[PDB]
There are 2 protein chains.
Amino acid sequence: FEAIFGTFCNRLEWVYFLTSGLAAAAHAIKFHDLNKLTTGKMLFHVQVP
Amino acid sequence: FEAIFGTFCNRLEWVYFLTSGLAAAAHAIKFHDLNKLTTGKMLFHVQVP
């Protein structure tokens, strides 16, 4: 005579990017045409004193 | 497609002479006939205790 008494699930611990401290380093933006963008560029015009 | 996310230019740190601490050591005067002035001098007279 065997008996099972128990069926238990390990509670998964959940992490989210925006709640982390590391997200402070980021400017997180959603852009739904990322698969079409090849390369994004930013360009700067400085004249010295 | 490529994207130009932004175009940037620098703004100089505008630094006036009379808005500095080094100006504390100076007594700053504007003189319009300066280019006529060859040499300016001061005279001191001292008697001793």
# chains A, B, ... in the order shown; residues from 1 in each chain; ligands from 1
$ calpha_fit_and_write --fixed "chain A" --moving "chain B" --output "JSON list (two decimals) with N, CA and C atoms, in the first residue's frame"
[["chain", "number", "residue", "atom", "x", "y", "z"],
["B", 1, "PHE", "N", 0.08, 1.09, 4.49],
["B", 1, "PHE", "CA", -0.11, 1.98, 3.35],
["B", 1, "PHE", "C", 1.01, 2.99, 3.27],
["B", 2, "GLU", "N", 1.25, 3.46, 2.05],
["B", 2, "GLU", "CA", 2.09, 4.61, 1.79],
["B", 2, "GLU", "C", 1.22, 5.86, 1.73],
["B", 3, "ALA", "N", 1.79, 6.99, 2.11],
["B", 3, "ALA", "CA", 1.06, 8.25, 2.09],
["B", 3, "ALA", "C", 1.78, 9.24, 1.20],
["B", 4, "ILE", "N", 1.02, 9.96, 0.39],
["B", 4, "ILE", "CA", 1.51, 11.12, -0.33],
["B", 4, "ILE", "C", 1.07, 12.34, 0.47],
["B", 5, "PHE", "N", 2.02, 12.96, 1.18],
["B", 5, "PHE", "CA", 1.68, 14.05, 2.08],
["B", 5, "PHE", "C", 1.40, 15.34, 1.33],
["B", 6, "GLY", "N", 2.06, 15.57, 0.21],
["B", 6, "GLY", "CA", 1.80, 16.76, -0.57],
["B", 6, "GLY", "C", 2.45, 16.70, -1.93],
["B", 7, "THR", "N", 1.90, 17.43, -2.89],
["B", 7, "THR", "CA", 2.49, 17.55, -4.21],
["B", 7, "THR", "C", 2.74, 19.03, -4.47],
["B", 8, "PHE", "N", 3.96, 19.35, -4.88],
["B", 8, "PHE", "CA", 4.43, 20.71, -4.88],
["B", 8, "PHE", "C", 4.91, 21.09, -6.27],
["B", 9, "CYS", "N", 4.76, 22.36, -6.61],
["B", 9, "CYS", "CA", 5.32, 22.90, -7.84],
["B", 9, "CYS", "C", 5.97, 24.23, -7.52],
["B", 10, "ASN", "N", 6.98, 24.59, -8.30],
["B", 10, "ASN", "CA", 7.72, 25.81, -8.05],
["B", 10, "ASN", "C", 7.04, 26.99, -8.73],
["B", 11, "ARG", "N", 7.15, 28.16, -8.11],
["B", 11, "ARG", "CA", 6.75, 29.41, -8.73],
["B", 11, "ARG", "C", 8.00, 30.20, -9.08],
["B", 12, "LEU", "N", 8.10, 30.62, -10.33],
["B", 12, "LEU", "CA", 9.27, 31.37, -10.75],
["B", 12, "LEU", "C", 9.29, 32.74, -10.10],
["B", 13, "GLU", "N", 10.49, 33.25, -9.85],
["B", 13, "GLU", "CA", 10.68, 34.64, -9.45],
["B", 13, "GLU", "C", 10.52, 35.50, -10.69],
["B", 14, "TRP", "N", 9.35, 36.10, -10.86],
["B", 14, "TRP", "CA", 9.10, 36.88, -12.07],
["B", 14, "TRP", "C", 9.92, 38.16, -12.04],
["B", 15, "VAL", "N", 10.71, 38.37, -13.09],
["B", 15, "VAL", "CA", 11.66, 39.46, -13.14],
["B", 15, "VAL", "C", 11.47, 40.29, -14.40],
["B", 16, "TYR", "N", 10.77, 41.40, -14.26],
["B", 16, "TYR", "CA", 10.59, 42.34, -15.36],
["B", 16, "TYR", "C", 11.79, 43.26, -15.49],
["B", 17, "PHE", "N", 12.00, 43.76, -16.70],
["B", 17, "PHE", "CA", 13.17, 44.60, -16.97],
["B", 17, "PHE", "C", 13.05, 45.94, -16.27],
["B", 18, "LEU", "N", 11.86, 46.55, -16.31],
["B", 18, "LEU", "CA", 11.68, 47.87, -15.73],
["B", 18, "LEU", "C", 11.47, 47.85, -14.23],
["B", 19, "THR", "N", 11.57, 46.69, -13.59],
["B", 19, "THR", "CA", 11.51, 46.58, -12.14],
["B", 19, "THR", "C", 12.86, 46.12, -11.59],
["B", 20, "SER", "N", 13.94, 46.64, -12.17],
["B", 20, "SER", "CA", 15.29, 46.29, -11.76],
["B", 20, "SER", "C", 16.13, 47.55, -11.69],
["B", 21, "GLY", "N", 17.22, 47.47, -10.92],
["B", 21, "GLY", "CA", 18.11, 48.60, -10.81],
["B", 21, "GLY", "C", 18.93, 48.82, -12.07],
["B", 22, "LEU", "N", 19.21, 47.74, -12.80],
["B", 22, "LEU", "CA", 19.93, 47.86, -14.06],
["B", 22, "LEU", "C", 19.17, 48.75, -15.04],
["B", 23, "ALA", "N", 17.85, 48.82, -14.89],
["B", 23, "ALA", "CA", 17.04, 49.68, -15.74],
["B", 23, "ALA", "C", 17.33, 51.15, -15.51],
["B", 24, "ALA", "N", 17.96, 51.49, -14.38],
["B", 24, "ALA", "CA", 18.35, 52.87, -14.14],
["B", 24, "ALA", "C", 19.34, 53.35, -15.18],
["B", 25, "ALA", "N", 20.18, 52.45, -15.69],
["B", 25, "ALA", "CA", 21.17, 52.82, -16.69],
["B", 25, "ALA", "C", 20.57, 52.90, -18.08],
["B", 26, "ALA", "N", 19.34, 52.44, -18.26],
["B", 26, "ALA", "CA", 18.72, 52.37, -19.58],
["B", 26, "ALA", "C", 17.65, 53.44, -19.74],
["B", 27, "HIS", "N", 17.53, 53.95, -20.96],
["B", 27, "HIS", "CA", 16.41, 54.77, -21.38],
["B", 27, "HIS", "C", 15.59, 53.94, -22.36],
["B", 28, "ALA", "N", 14.51, 53.35, -21.87],
["B", 28, "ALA", "CA", 13.83, 52.27, -22.56],
["B", 28, "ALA", "C", 12.66, 52.82, -23.35],
["B", 29, "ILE", "N", 12.65, 52.55, -24.65],
["B", 29, "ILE", "CA", 11.66, 53.06, -25.58],
["B", 29, "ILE", "C", 11.17, 51.91, -26.43],
["B", 30, "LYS", "N", 9.88, 51.90, -26.74],
["B", 30, "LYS", "CA", 9.31, 50.91, -27.64],
["B", 30, "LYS", "C", 9.06, 51.56, -28.99],
["B", 31, "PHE", "N", 9.48, 50.88, -30.05],
["B", 31, "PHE", "CA", 9.39, 51.39, -31.40],
["B", 31, "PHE", "C", 8.83, 50.29, -32.28],
["B", 32, "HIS", "N", 7.71, 50.56, -32.95],
["B", 32, "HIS", "CA", 7.02, 49.52, -33.70],
["B", 32, "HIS", "C", 7.52, 49.37, -35.12],
["B", 33, "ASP", "N", 8.09, 50.42, -35.71],
["B", 33, "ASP", "CA", 8.75, 50.31, -37.00],
["B", 33, "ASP", "C", 10.23, 49.97, -36.86],
["B", 34, "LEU", "N", 10.60, 49.31, -35.77],
["B", 34, "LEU", "CA", 12.01, 49.03, -35.52],
["B", 34, "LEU", "C", 12.58, 48.15, -36.62],
["B", 35, "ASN", "N", 11.85, 47.10, -37.01],
["B", 35, "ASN", "CA", 12.37, 46.14, -37.97],
["B", 35, "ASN", "C", 12.68, 46.78, -39.31],
["B", 36, "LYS", "N", 12.14, 47.97, -39.57],
["B", 36, "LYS", "CA", 12.52, 48.71, -40.77],
["B", 36, "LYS", "C", 13.81, 49.50, -40.56],
["B", 37, "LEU", "N", 14.16, 49.81, -39.31],
["B", 37, "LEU", "CA", 15.31, 50.66, -39.03],
["B", 37, "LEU", "C", 16.59, 49.87, -39.25],
["B", 38, "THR", "N", 17.42, 50.32, -40.19],
["B", 38, "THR", "CA", 18.73, 49.72, -40.38],
["B", 38, "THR", "C", 19.71, 50.21, -39.33],
["B", 39, "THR", "N", 19.94, 51.52, -39.28],
["B", 39, "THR", "CA", 20.89, 52.10, -38.35],
["B", 39, "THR", "C", 20.44, 53.49, -37.93],
["B", 40, "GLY", "N", 20.55, 53.77, -36.64],
["B", 40, "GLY", "CA", 20.20, 55.07, -36.09],
["B", 40, "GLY", "C", 21.44, 55.76, -35.56],
["B", 41, "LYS", "N", 21.49, 57.08, -35.73],
["B", 41, "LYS", "CA", 22.70, 57.83, -35.45],
["B", 41, "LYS", "C", 22.37, 59.19, -34.86],
["B", 42, "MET", "N", 23.36, 59.77, -34.18],
["B", 42, "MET", "CA", 23.26, 61.08, -33.56],
["B", 42, "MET", "C", 24.44, 61.93, -33.99],
["B", 43, "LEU", "N", 24.22, 63.24, -34.08],
["B", 43, "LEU", "CA", 25.22, 64.18, -34.56],
["B", 43, "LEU", "C", 25.46, 65.25, -33.50],
["B", 44, "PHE", "N", 26.72, 65.59, -33.28],
["B", 44, "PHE", "CA", 27.10, 66.54, -32.25],
["B", 44, "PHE", "C", 27.96, 67.65, -32.84],
["B", 45, "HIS", "N", 27.72, 68.87, -32.38],
["B", 45, "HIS", "CA", 28.42, 70.06, -32.84],
["B", 45, "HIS", "C", 29.00, 70.75, -31.62],
["B", 46, "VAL", "N", 30.30, 71.05, -31.65],
["B", 46, "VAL", "CA", 31.02, 71.56, -30.48],
["B", 46, "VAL", "C", 31.85, 72.76, -30.90],
["B", 47, "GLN", "N", 31.73, 73.85, -30.14],
["B", 47, "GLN", "CA", 32.64, 74.98, -30.24],
["B", 47, "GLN", "C", 33.29, 75.20, -28.88],
["B", 48, "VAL", "N", 34.54, 75.64, -28.91],
["B", 48, "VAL", "CA", 35.48, 75.45, -27.81],
["B", 48, "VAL", "C", 35.72, 76.79, -27.12],
["B", 49, "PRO", "N", 35.73, 76.84, -25.80],
["B", 49, "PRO", "CA", 36.12, 78.07, -25.11],
["B", 49, "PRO", "C", 37.58, 78.41, -25.35]]
$ select_by_dssp --residues "chain B" --states "strand (DSSP E)" --output "JSON, numbers by chain"
{"B": [3, 4, 5, 6, 7, 8, 9]}
$ select_by_dssp --residues "chain A" --states "helix (DSSP H, G or I)" --output "VMD selection string"
chain A and resid 22 to 25
$ write_last_selection --atoms "C-alpha atoms" --output "CSV table (one decimal), in the first residue's frame"
chain,number,residue,atom,x,y,z
A,22,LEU,CA,20.2,49.0,-13.3
A,23,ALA,CA,17.3,50.6,-15.3
A,24,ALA,CA,18.4,54.0,-14.0
A,25,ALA,CA,21.3,53.7,-16.5
$ decode --residues "chain A" --atoms "C-alpha atoms" --output "PDB file, in the first residue's frame"
ATOM      1  CA  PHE A   1       0.000   0.000   0.000  1.00  0.00           C
ATOM      2  CA  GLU A   2       1.515   3.270  -1.220  1.00  0.00           C
ATOM      3  CA  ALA A   3       0.078   6.716  -0.645  1.00  0.00           C
ATOM      4  CA  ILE A   4       0.866  10.105  -2.126  1.00  0.00           C
ATOM      5  CA  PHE A   5       0.342  13.023   0.172  1.00  0.00           C
ATOM      6  CA  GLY A   6       1.564  16.216  -1.428  1.00  0.00           C
ATOM      7  CA  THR A   7       1.805  18.084  -4.691  1.00  0.00           C
ATOM      8  CA  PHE A   8       3.865  21.233  -4.327  1.00  0.00           C
ATOM      9  CA  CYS A   9       5.019  23.928  -6.728  1.00  0.00           C
ATOM     10  CA  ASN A  10       8.156  26.016  -6.400  1.00  0.00           C
ATOM     11  CA  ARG A  11       7.044  29.648  -6.345  1.00  0.00           C
ATOM     12  CA  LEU A  12       8.752  31.381  -9.261  1.00  0.00           C
ATOM     13  CA  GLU A  13      10.588  34.573  -8.294  1.00  0.00           C
ATOM     14  CA  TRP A  14       9.757  37.350 -10.755  1.00  0.00           C
ATOM     15  CA  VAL A  15      12.076  40.150 -11.873  1.00  0.00           C
ATOM     16  CA  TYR A  16      11.150  43.176 -13.985  1.00  0.00           C
ATOM     17  CA  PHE A  17      13.583  45.407 -15.855  1.00  0.00           C
ATOM     18  CA  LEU A  18      12.023  48.775 -14.988  1.00  0.00           C
ATOM     19  CA  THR A  19      11.981  48.106 -11.226  1.00  0.00           C
ATOM     20  CA  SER A  20      15.691  47.253 -11.059  1.00  0.00           C
ATOM     21  CA  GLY A  21      18.340  49.774 -10.113  1.00  0.00           C
ATOM     22  CA  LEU A  22      20.165  48.970 -13.345  1.00  0.00           C
ATOM     23  CA  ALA A  23      17.318  50.569 -15.306  1.00  0.00           C
ATOM     24  CA  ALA A  24      18.435  53.961 -13.982  1.00  0.00           C
ATOM     25  CA  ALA A  25      21.290  53.724 -16.496  1.00  0.00           C
ATOM     26  CA  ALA A  26      18.781  53.288 -19.344  1.00  0.00           C
ATOM     27  CA  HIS A  27      16.299  55.420 -21.261  1.00  0.00           C
ATOM     28  CA  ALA A  28      13.901  52.597 -22.082  1.00  0.00           C
ATOM     29  CA  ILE A  29      11.700  53.214 -25.116  1.00  0.00           C
ATOM     30  CA  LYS A  30       9.366  50.993 -27.108  1.00  0.00           C
ATOM     31  CA  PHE A  31       9.561  51.227 -30.913  1.00  0.00           C
ATOM     32  CA  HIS A  32       7.482  48.702 -32.828  1.00  0.00           C
ATOM     33  CA  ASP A  33       9.347  49.068 -36.147  1.00  0.00           C
ATOM     34  CA  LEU A  34      12.725  47.985 -34.741  1.00  0.00           C
ATOM     35  CA  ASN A  35      12.955  45.066 -37.157  1.00  0.00           C
ATOM     36  CA  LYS A  36      12.958  47.492 -40.087  1.00  0.00           C
ATOM     37  CA  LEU A  37      15.497  49.964 -38.659  1.00  0.00           C
ATOM     38  CA  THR A  38      18.998  49.150 -39.852  1.00  0.00           C
ATOM     39  CA  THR A  39      21.122  51.602 -37.828  1.00  0.00           C
ATOM     40  CA  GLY A  40      20.189  54.689 -35.854  1.00  0.00           C
ATOM     41  CA  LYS A  41      22.566  57.627 -35.808  1.00  0.00           C
ATOM     42  CA  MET A  42      23.028  60.765 -33.723  1.00  0.00           C
ATOM     43  CA  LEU A  43      25.229  63.573 -34.972  1.00  0.00           C
ATOM     44  CA  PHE A  44      26.761  66.528 -33.145  1.00  0.00           C
ATOM     45  CA  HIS A  45      27.941  69.980 -34.290  1.00  0.00           C
ATOM     46  CA  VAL A  46      30.423  71.622 -31.912  1.00  0.00           C
ATOM     47  CA  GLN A  47      32.316  74.873 -32.447  1.00  0.00           C
ATOM     48  CA  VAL A  48      35.108  75.425 -29.944  1.00  0.00           C
ATOM     49  CA  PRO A  49      35.724  78.555 -27.862  1.00  0.00           C
TER      50      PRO A  49
END
